[PDB]
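Residue numbers (UniProt numbering), protein chains in the order written: chain F, 696 to 745; chain V, 646 to 695.
Don't be surprised by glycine CBs; every beta carbon is placed ideally from N, CA and C.
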Amino acid sequence: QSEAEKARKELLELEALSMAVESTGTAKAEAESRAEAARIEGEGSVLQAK
Amino acid sequence: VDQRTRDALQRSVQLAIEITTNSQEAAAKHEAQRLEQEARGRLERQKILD
């Protein structure tokens, strides 16, 4: 069980990196899509106002 | 001189033989359990590496 925990530590490190990658990719994608839609709506609102 | 005495000693020698066979079976069982646990430990470490 000691040897198994010695390797399980490195397994948990790699799983931590993968969870980091997945979470930041999901949040970045959703936030940038909302910002792009908002920018297009803002320039459209400028043209509507004129 | 008494035949009953010799007949009683025959049960002593057959009990000694049964004791010796039980001892070799117990030694074989403990060696089997040691090899089984060693293989199980290597298998678990390899699953974590995979």
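Rounded C-beta distance between residue i and residue j? I'm assuming under 8 Å.
| i | j | result |
| --- | --- | --- |
| residue 699 (chain F) | residue 689 (chain V) | 5 Å |
| residue 693 (chain V) | residue 706 (chain F) | 6 Å |
Rounded to whole angstroms, what's the CA-CA distance from residue i to residue j? Just pull it up for me.
| i | j | result |
| --- | --- | --- |
| residue 682 (chain V) | residue 667 (chain V) | 23 Å |
| residue 730 (chain F) | residue 736 (chain F) | 10 Å |
| residue 684 (chain V) | residue 713 (chain F) | 31 Å |
| residue 716 (chain F) | residue 743 (chain F) | 40 Å |
Is there a Cβ from chain V that is less than 8 Å from the Cβ of residue i?
| i | result |
| --- | --- |
| residue 703 (chain F) | yes |
| residue 725 (chain F) | no |
| residue 715 (chain F) | no |
| residue 698 (chain F) | yes |
| residue 709 (chain F) | no |
| residue 749 (chain F) | Any answer about residue 749 (chain F) is impossible in this case: the structure gives chain F only from 696 up to 745. |
By the 8 Å beta-carbon criterion, what residues does the stretch 659 to 693 of chain V contribute toward chain F?
Those would be 686, 689, 690 and 693, in chain order.
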